[PDB]
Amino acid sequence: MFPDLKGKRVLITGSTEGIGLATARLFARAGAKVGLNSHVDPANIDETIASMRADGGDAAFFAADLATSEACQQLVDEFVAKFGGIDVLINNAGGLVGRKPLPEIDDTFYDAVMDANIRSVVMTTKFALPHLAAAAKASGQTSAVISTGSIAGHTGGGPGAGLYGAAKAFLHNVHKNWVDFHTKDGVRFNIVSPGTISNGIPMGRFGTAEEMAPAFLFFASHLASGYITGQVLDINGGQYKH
């Protein structure tokens, strides 16, 4: 959609499914070098790369479960290894990984949800940073970091989803620091916060995944979101006002 996205190294966690996939398509279709990601190789990974390669862009697939740090380190290495550097990081990887009411919340479930949603976004962002900071000085422009938020990061988790809500709230926050201490390194930080009961949505609809994806492109584009950093954008249909 945006011209300057042409020829850009874009790393996208959780891009094999849903929103992460939806965006990936748009990034290649703007002529960008996308990195796909998942816990395990999806059946038709190569036929997917064929679509994106044809759209004007280029792609690759690096499997990794980011709940662990070493995995975050390698995912970064292997993407760098193919395209040689990074301009955009899209921390889409995450999820409920279940529902549990408070009394049922134990160490096992807690850690499954915490590391899935937070440690992933942190450690990855850490390993991607000095590469992102490079891309920015190189171009004299600005690299970009985007993470996937939620309405729950404002209002709190749904039924049994307490940790998921607060984990996204954690991310909304931790970016504000990263803006304070790494704006000087030429890296922007921003969040797309998708909003999914139908009576409390003025629109009535739920949100699709191609309803979400453009915000990401907007937030990665220096031309478009040059002076915007440290913001959350809720694509929810009016379920929450932010």
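Residue indices: 1-based, along the sequence shown.
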**Asked** Are any deposited residues left out of the model between residue 208 and residue 209, and how many (none, 1 to 3, 4 to 9, 10 or more)?
**Response** none
**Asked** Averaging C-alpha B-factors over each stretch, which comes out higher, 118 to 126 or 71 to 79?
**Response** 71 to 79
**Asked** Out of 209 to 217 and 47 to 55, which stretch has the higher average CA B-factor listed in the record?
**Response** 47 to 55
**Prompt:** How does residue 165 rank on Cα B-factor within its chain, lowest, middle or highest third?
**Reply:** lowest
**Complete:** residue 99: CA B-factor among chain residues, third -> middle
**Request:** Sorting the chain's modelled residues by C-alpha B-factor, tell me whether residue 191 ends up in the lowest, middle or highest third.
**Result:** lowest
**residue 180 CA temperature factor, ranked by third within the chain** = lowest
**Request:** Would you please rank residue 92 by its C-alpha temperature factor against the other modelled residues of its chain and give the third it falls in: lowest, middle or highest?
**Result:** lowest
